[PDB]
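Single-structure report; data block below.
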Amino acid sequence: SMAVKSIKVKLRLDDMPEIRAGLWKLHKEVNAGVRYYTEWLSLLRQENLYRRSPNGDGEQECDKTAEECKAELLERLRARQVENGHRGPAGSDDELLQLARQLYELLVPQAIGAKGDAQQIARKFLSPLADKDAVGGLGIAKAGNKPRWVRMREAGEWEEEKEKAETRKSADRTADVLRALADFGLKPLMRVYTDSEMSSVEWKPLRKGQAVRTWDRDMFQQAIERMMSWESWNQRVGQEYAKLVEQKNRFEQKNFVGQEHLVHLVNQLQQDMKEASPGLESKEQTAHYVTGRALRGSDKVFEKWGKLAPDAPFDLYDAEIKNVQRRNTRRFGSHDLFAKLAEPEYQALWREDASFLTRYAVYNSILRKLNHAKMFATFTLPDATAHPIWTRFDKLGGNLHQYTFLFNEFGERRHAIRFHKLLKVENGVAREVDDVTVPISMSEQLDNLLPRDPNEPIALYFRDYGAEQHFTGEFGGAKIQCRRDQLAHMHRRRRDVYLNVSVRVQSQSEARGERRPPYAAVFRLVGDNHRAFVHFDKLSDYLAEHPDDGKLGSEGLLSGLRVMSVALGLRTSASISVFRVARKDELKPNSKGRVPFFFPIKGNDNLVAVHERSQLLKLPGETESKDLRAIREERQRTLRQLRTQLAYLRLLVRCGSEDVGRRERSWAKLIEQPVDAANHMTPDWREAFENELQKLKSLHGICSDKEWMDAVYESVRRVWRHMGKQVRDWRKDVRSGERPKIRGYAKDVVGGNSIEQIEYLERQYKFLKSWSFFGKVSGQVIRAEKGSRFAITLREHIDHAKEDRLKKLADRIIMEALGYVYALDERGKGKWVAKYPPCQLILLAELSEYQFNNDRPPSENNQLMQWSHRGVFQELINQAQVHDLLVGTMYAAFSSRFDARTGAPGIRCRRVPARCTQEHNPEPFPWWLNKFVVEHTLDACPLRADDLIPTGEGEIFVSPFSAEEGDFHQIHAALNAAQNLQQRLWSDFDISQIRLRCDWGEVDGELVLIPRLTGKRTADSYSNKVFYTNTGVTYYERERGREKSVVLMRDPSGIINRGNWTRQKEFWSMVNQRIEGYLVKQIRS
RNA sequence: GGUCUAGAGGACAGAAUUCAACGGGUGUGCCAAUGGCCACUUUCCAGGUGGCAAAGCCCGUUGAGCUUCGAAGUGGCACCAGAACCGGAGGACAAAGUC
DNA sequence: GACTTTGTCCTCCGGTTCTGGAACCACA
DNA sequence: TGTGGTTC
DNA sequence: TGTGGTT
């Protein structure tokens, strides 16, 4: 309900080692205590425990079985009865097991599916289960917080709330379980960890009437917590595994019921390729099974195969596969799958039903995921060094051991923390101590914290660059942490210790005692994806109650109504456009008097959405220039050299194979062609490689196998040892190298926070991995060892780099949404200023379904991980809480393919750079200009500067503006997508206005397209309607309500096919003809 | 100034373009930002493990020397975390088949 | 550079389920 | 504003 | 090319 932030703080423990060893001892104690109680809970559960399987990561084993639990549980219970000196009934094994299980279901209600408060369950039971003289849980004690009906009865009047106390107390079996435990001599069930032989710490002596220390109460809660979430996962894994088995069986008899002979045929296919495979021997059940990844682009290959003869030779089937791959190599599947699907015996899989193989691939995915699906969540006890938990410390006033944050205890910015209870270690004995004050290492992050009230040392103020007035806040709980790397070690040194302090920060809205900001009633956010919907009824009165008054920054959220849409990307991290709700009674702007751009708003005819500004929120490193292009090329020059040098080293290695027909085919590829016509290698290593080739040329055929093979391996060593010194020096220049480093603020940097610099780092990792796992013996597989780490420090740098990019991306978006711009003065040299009125909503694209998937090619999956847009989305929701900024999503399908101003569909284009058209030393054509020149054969045609090149993936969106041939509307693709999201917000856009899935059928005697009813909006418009044709391309609606479905598209602007419903294929080719067909025809002249 | 609208910090193309001493401090990191030496890992490279060492880093003041108008300028940025868990996918190696 | 199949190892990205309390009464 | 057992 | 990203 309130924004919680963690500020991690480092303790200066140099001058006091006795406390550092005490903090470490306290860490081992709290972990031991939590492990003790957690292990107890697992025995009460008396079900199977599963652990991580060694000797193979994947499945799971049974660490401890149910009988093992019950047998060990009873051993503890019987021994406890003896320890408690029980002279009453001992209870049968079954009685004691049932009691323990009852207790367990009270301590972890998630085990049976109920809800549980780890705070109040641990408070309720620790003393009754560990205090010899405890009276809690029963109904005897008069202390405790008053019931809710007693608080009402004294002020706030009762009748129903006193009833709910009794009817909940009736279903409370705590008192009976406790009394049962007592009658069985288990009145203390467990031990108080601190007051037990397990701990060697000389704790402060127990007061009268005390058995439990605050340290034990922390330990016990943290055991309940982990035990609750795990039981929740035990239930979740089992449920999800049940729905998989149901998915498998509900699929075969709902997809290919009458298609049983094809199932038997693809099975023959999958074992055909299984036996005929030269790869590694199969071990998985679904090995060589037909997956969607291998069938990528099978739709195109199948239609092209349909226009062929079943008895035709292979090459016309095969060359029909090569043409589908050449159209785009990224979105293509397996050649060998299509090669075997062209064989006549297997042709029936795609001939009869052209969608059967993709259907059966979904079945195979269900088969594989089921073979790996777990049925239980692994159970892992805490450990002080392997799986650490951290000792908690309540704020001042809390019930645990507390701490105060001491502002400026030792100097201007020399803060301190006073632990009111701690551990001190002197000459090997741990002793509990009071009131230990520990200085904190300097932290500019702490400069955002100011003390609020001297009488209440918990209060604070919270600074933020995007808030004119500091937020009010309070210190919260803290936890003592160490680094994971300084944990598994022991050594003999005096290990940094940190305190992770939770800060609770109150937003300006929260400070006014309102559950939600007043503008939250205008925007409906739905689901976990925060799908944004506008209450068009309510924004007419909101503008009346909240008129724009010009207040900037955080002071303007209660005046005006603005939404900022954001188009995340890789080239530019964020592209935004800001719109303001305003009456259509407006005027001309301050610049040159041009009617402003606006969008109509559904419902209100008096109100429009006026465009305020658009901006490219580039993170540093996302610029480009002649010199920047050069440095980025040079920074990877030697890397790209070594990468191709290694690729030919492996060609040389294959020449020493024991397989005649492998070394001969490999030795051919080395002598047939020159070594480096592209000049991609280094000179000196290439010369060394050429020497070894010409040396082997004077031995090939002349010599014997075991004498030629021996020389090939001896030439690999010379060349590998040579390249080994090159990899050695390259790394020296990467770490120790003296490259220029920016000072102060500077725009236009080499890498910055860009994708390319992170990939510049990633590229180095991949090559080093490839270099270390390079094999001098042909055919051998070299993988990493079962617990190895590779390039630890480089890997940690790559991860930190992505973390910094993520947080700076979200902050840039939020600072812009609030209306702050980082501006330079050179007398101040950069400062956040409030330049614009803020936006109450940040509108992102709905991309939750744009996930990594095996159907996607790996290069597309890789970019999605580089991008990690969902991470950006989650970091936005985090950082927006304090500022009262709503972040929502908009349905994004075709957001980048239709014009935001016009509505007409379009194509993403690039413009020719002047580098390639200048007559004085022209630079080579890029990749996309080459592919375009080749498709239309424009080798003899002179391209001009800024010539539009339709590539389908450029940064410039082009759409037809009218029937005029050539009349284009061009706008930044990302900004056009951003404005499309805005246009969809104010009009309640549904995809059914533009795209429709239909199936053929009979309605009024004629064959028509029956639209699929998906969602209430598609049903509200097209349920009673049906589409007819005269030609098969252009469809028209009626009013009455093959085997594959048909997708109909529509141009809302009426420019393409007069906005009639058109089949998807021909629709996008009409779009192509009016843009690409025109640009090509004009270049040819 | 050329191209393109959204008319904005507009977007594309183009033309243009660091020592020293002393004092204090070194939360997590990033910005061209991936530490150094030794030993071990059978072997040289990569990677890892361990050991050692001084610092390297910022900030301030006083000097120099640079570089633009005697003055100024020799650093900027971001930060909500903890544990466990279930998934989704990358990466590397070998064979084979493909643009 | 891009793409597929086989296995096995290290890594990363996304989401879940717990969490980072409050307050009364007898103490001696 | 104590703690420690106790209830919310 | 055809949801979203962009070699």
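Ordered as shown in the structure tokens, chains take letters A, B, and onward, while each chain numbers its residues from 1 and ligands are numbered from 1 in the order shown.
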Can you write out as a Markdown table which residues of chain B fall within 10 Å of chain A, alongside each residue's closest atom pair and its distance in Å to one decimal, counting only C-alpha atoms (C1' of nucleotides) and ordering rows by chain and ascending residue number?
| residue | atom | partner | partner_atom | distance |
| --- | --- | --- | --- | --- |
| B:2 | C1' | A:945 | CA | 9.2 |
| B:3 | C1' | A:946 | CA | 6.2 |
| B:4 | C1' | A:970 | CA | 6.3 |
| B:5 | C1' | A:971 | CA | 6.5 |
| B:6 | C1' | A:614 | CA | 6.2 |
| B:7 | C1' | A:591 | CA | 7.3 |
| B:8 | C1' | A:613 | CA | 5.5 |
| B:9 | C1' | A:615 | CA | 8.0 |
| B:10 | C1' | A:615 | CA | 7.4 |
| B:11 | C1' | A:972 | CA | 6.8 |
| B:12 | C1' | A:911 | CA | 7.8 |
| B:13 | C1' | A:913 | CA | 5.9 |
| B:14 | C1' | A:914 | CA | 6.9 |
| B:17 | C1' | A:627 | CA | 10.0 |
| B:25 | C1' | A:442 | CA | 7.4 |
| B:26 | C1' | A:442 | CA | 7.6 |
| B:27 | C1' | A:443 | CA | 4.8 |
| B:28 | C1' | A:8 | CA | 7.9 |
| B:29 | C1' | A:800 | CA | 6.3 |
| B:30 | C1' | A:804 | CA | 5.8 |
| B:31 | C1' | A:752 | CA | 5.5 |
| B:32 | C1' | A:739 | CA | 5.8 |
| B:33 | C1' | A:741 | CA | 7.4 |
| B:34 | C1' | A:794 | CA | 4.8 |
| B:35 | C1' | A:736 | CA | 7.0 |
| B:36 | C1' | A:736 | CA | 8.8 |
| B:44 | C1' | A:721 | CA | 6.6 |
| B:45 | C1' | A:724 | CA | 4.1 |
| B:46 | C1' | A:772 | CA | 4.7 |
| B:47 | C1' | A:790 | CA | 5.8 |
| B:48 | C1' | A:789 | CA | 7.1 |
| B:72 | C1' | A:827 | CA | 9.4 |
| B:73 | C1' | A:826 | CA | 9.0 |
| B:74 | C1' | A:743 | CA | 8.0 |
| B:75 | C1' | A:744 | CA | 3.7 |
| B:76 | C1' | A:744 | CA | 4.1 |
| B:77 | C1' | A:745 | CA | 8.3 |
| B:78 | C1' | A:808 | CA | 5.3 |
| B:79 | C1' | A:807 | CA | 6.8 |
| B:80 | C1' | A:5 | CA | 4.5 |
| B:81 | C1' | A:6 | CA | 5.1 |
| B:82 | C1' | A:389 | CA | 7.8 |
| B:83 | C1' | A:389 | CA | 6.4 |
| B:84 | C1' | A:226 | CA | 6.5 |
| B:85 | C1' | A:233 | CA | 6.6 |
| B:86 | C1' | A:237 | CA | 6.9 |
| B:87 | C1' | A:373 | CA | 9.4 |
| B:88 | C1' | A:852 | CA | 6.3 |
| B:89 | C1' | A:852 | CA | 5.6 |
| B:90 | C1' | A:862 | CA | 6.0 |
| B:91 | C1' | A:766 | CA | 6.9 |
| B:92 | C1' | A:769 | CA | 6.0 |
| B:93 | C1' | A:782 | CA | 5.0 |
| B:94 | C1' | A:781 | CA | 4.8 |
| B:95 | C1' | A:279 | CA | 4.8 |
| B:96 | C1' | A:278 | CA | 5.6 |
| B:97 | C1' | A:336 | CA | 6.1 |
| B:98 | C1' | A:335 | CA | 5.6 |
| B:99 | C1' | A:326 | CA | 5.7 |
Would you list the contacts of residue 5 (chain D) as a ChimeraX atom specification, taking every protein, DNA or RNA residue within 12 Å and counting only C-alpha atoms (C1' of nucleotides), but skipping same-chain residues closer than 5 positions in sequence? /A:123-128,131,133-137,141-145,208-214,217,399 /C:24-27
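In this comparison, which uses only C-alpha atoms (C1' of nucleotides), the residue of A:981, A:1071, A:893, A:361 approaching chain E most closely is A:893.
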Pull out every residue of chain C that has at least one atom within 6 Å of chain A, counting only C-alpha atoms (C1' of nucleotides), and report them as a compact mmCIF listing (two decimals) with N, CA, C and O atoms (P, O5', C5', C4', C3', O3' and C1' of nucleotides), in the first residue's frame.
# COMPACT_ATOMS: atom_id res chain seq x y z
P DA C 2 24.23 -15.16 -36.46
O5' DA C 2 22.94 -15.55 -37.30
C5' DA C 2 22.10 -14.54 -37.81
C4' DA C 2 21.15 -15.12 -38.83
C3' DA C 2 20.61 -16.49 -38.48
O3' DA C 2 19.49 -16.39 -37.62
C1' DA C 2 21.39 -16.51 -40.70
P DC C 3 19.21 -17.53 -36.53
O5' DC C 3 18.85 -18.83 -37.40
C5' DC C 3 17.68 -18.84 -38.20
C4' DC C 3 17.51 -20.18 -38.90
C3' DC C 3 17.72 -21.40 -38.03
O3' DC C 3 16.58 -21.65 -37.24
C1' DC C 3 18.79 -21.72 -40.11
P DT C 4 16.73 -22.49 -35.88
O5' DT C 4 16.72 -24.01 -36.36
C5' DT C 4 15.60 -24.51 -37.09
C4' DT C 4 15.84 -25.94 -37.54
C3' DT C 4 16.26 -26.89 -36.43
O3' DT C 4 15.11 -27.41 -35.76
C1' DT C 4 17.65 -27.18 -38.34
P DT C 6 16.07 -32.72 -31.38
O5' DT C 6 17.37 -33.60 -31.10
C5' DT C 6 17.37 -34.99 -31.40
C4' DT C 6 18.74 -35.59 -31.16
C3' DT C 6 19.36 -35.25 -29.82
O3' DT C 6 18.93 -36.19 -28.84
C1' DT C 6 20.96 -34.97 -31.57
P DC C 9 25.75 -32.85 -17.60
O5' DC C 9 25.90 -31.27 -17.34
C5' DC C 9 27.09 -30.78 -16.74
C4' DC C 9 27.61 -29.54 -17.47
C3' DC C 9 27.02 -28.22 -17.02
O3' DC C 9 27.57 -27.83 -15.78
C1' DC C 9 27.33 -28.25 -19.38
P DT C 17 1.33 -17.66 -6.58
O5' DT C 17 2.02 -17.73 -5.13
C5' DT C 17 2.84 -18.83 -4.79
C4' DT C 17 3.53 -18.57 -3.46
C3' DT C 17 2.80 -17.58 -2.54
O3' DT C 17 2.70 -18.11 -1.22
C1' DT C 17 5.07 -16.97 -2.78
P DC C 18 1.59 -17.57 -0.20
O5' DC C 18 2.39 -17.39 1.16
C5' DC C 18 2.91 -16.14 1.51
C4' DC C 18 4.29 -16.29 2.11
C3' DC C 18 4.80 -15.05 2.81
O3' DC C 18 4.27 -14.96 4.10
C1' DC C 18 6.48 -15.88 1.41
P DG C 20 7.20 -9.23 7.55
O5' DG C 20 8.30 -8.13 7.17
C5' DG C 20 9.62 -8.26 7.67
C4' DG C 20 10.50 -7.14 7.15
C3' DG C 20 9.85 -5.78 7.05
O3' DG C 20 9.82 -5.15 8.33
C1' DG C 20 11.18 -6.21 5.12
P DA C 23 0.10 0.37 16.78
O5' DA C 23 -0.46 -0.37 18.07
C5' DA C 23 -1.63 -1.16 17.97
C4' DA C 23 -1.79 -2.02 19.19
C3' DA C 23 -1.41 -1.34 20.51
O3' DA C 23 -2.40 -1.60 21.46
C1' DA C 23 -0.34 -3.41 20.35
P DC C 24 -2.64 -0.58 22.67
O5' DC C 24 -3.11 -1.53 23.87
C5' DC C 24 -4.12 -2.51 23.64
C4' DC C 24 -3.95 -3.69 24.57
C3' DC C 24 -3.69 -3.33 26.04
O3' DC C 24 -4.54 -4.11 26.88
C1' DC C 24 -2.02 -4.81 25.26
P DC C 25 -4.91 -3.60 28.36
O5' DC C 25 -4.47 -4.81 29.29
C5' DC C 25 -3.60 -5.80 28.77
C4' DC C 25 -3.06 -6.69 29.88
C3' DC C 25 -2.91 -6.01 31.23
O3' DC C 25 -2.79 -7.01 32.25
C1' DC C 25 -0.79 -6.32 30.28
Counting only C-alpha atoms (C1' of nucleotides), which residues in chain D sit no more than 7 Å from chain A? For each one, give the nearest pair of atoms and the distance in Å, sorted by chain then residue number, as CSV.
residue,atom,partner,partner_atom,distance
D:1,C1',A:397,CA,6.9
D:4,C1',A:210,CA,6.4
D:6,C1',A:144,CA,4.6
D:7,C1',A:144,CA,4.0
D:8,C1',A:145,CA,5.8
Do you have, as JSON lines, the list of residues of chain A lying at most 7 Å from chain E, each with its nearest atom pair and that distance in Å to one decimal, counting only C-alpha atoms (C1' of nucleotides) and ordered by chain then number?
{"residue": "A:569", "atom": "CA", "partner": "E:5", "partner_atom": "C1'", "distance": 7.0}
{"residue": "A:847", "atom": "CA", "partner": "E:4", "partner_atom": "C1'", "distance": 6.1}
{"residue": "A:850", "atom": "CA", "partner": "E:4", "partner_atom": "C1'", "distance": 6.1}
{"residue": "A:892", "atom": "CA", "partner": "E:3", "partner_atom": "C1'", "distance": 6.6}
{"residue": "A:893", "atom": "CA", "partner": "E:3", "partner_atom": "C1'", "distance": 3.9}
{"residue": "A:894", "atom": "CA", "partner": "E:3", "partner_atom": "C1'", "distance": 5.7}
{"residue": "A:952", "atom": "CA", "partner": "E:1", "partner_atom": "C1'", "distance": 6.3}
{"residue": "A:953", "atom": "CA", "partner": "E:6", "partner_atom": "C1'", "distance": 6.0}
Write out as a PyMOL selection string the set of residues from region 450-696 of chain A that DSSP, computed on the backbone, places in strand (DSSP E or B). chain A and resi 450-451+459-462+471-481+498-506+523-526+531-534+562-568+574-583+598-600+607-617
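As for CA of residue 633 (chain A) and CA of residue 926 (chain A), they are spaced 14.0 Å apart.
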Write out as a ChimeraX atom specification the residues lying within 8 Å of residue 696 (chain A), counting only C-alpha atoms (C1' of nucleotides) and excluding same-chain residues fewer than 3 positions away. /A:692-693,699-700,708,711-712
Selection file, N, CA and C atoms, as a tab-separated table (two decimals), in the first residue's frame:
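Once everything was written out, this is selection.tsv:
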chain	number	residue	atom	x	y	z
A	692	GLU	N	51.64	-23.55	-43.07
A	692	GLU	CA	51.24	-24.90	-42.72
A	692	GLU	C	50.43	-25.56	-43.82
A	693	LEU	N	49.60	-24.79	-44.53
A	693	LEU	CA	48.85	-25.36	-45.65
A	693	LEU	C	49.78	-25.84	-46.76
A	699	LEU	N	52.68	-32.88	-48.75
A	699	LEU	CA	52.60	-34.18	-48.11
A	699	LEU	C	51.30	-34.92	-48.41
A	700	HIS	N	50.23	-34.21	-48.76
A	700	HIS	CA	48.96	-34.86	-49.05
A	700	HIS	C	49.08	-35.81	-50.25
A	708	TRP	N	50.66	-38.43	-41.97
A	708	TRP	CA	50.03	-37.17	-42.35
A	708	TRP	C	49.19	-36.61	-41.22
A	711	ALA	N	51.25	-34.91	-38.67
A	711	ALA	CA	51.74	-33.59	-39.04
A	711	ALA	C	50.64	-32.54	-38.96
A	712	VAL	N	49.40	-32.92	-39.29
A	712	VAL	CA	48.28	-31.99	-39.17
A	712	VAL	C	48.12	-31.54	-37.72
Quick one, how far is CA of residue 639 (chain A) from CA of residue 686 (chain A)? 15.0 Å
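If you look at CA of residue 112 (chain A) and CA of residue 239 (chain A), they are 13.2 Å away from each other.
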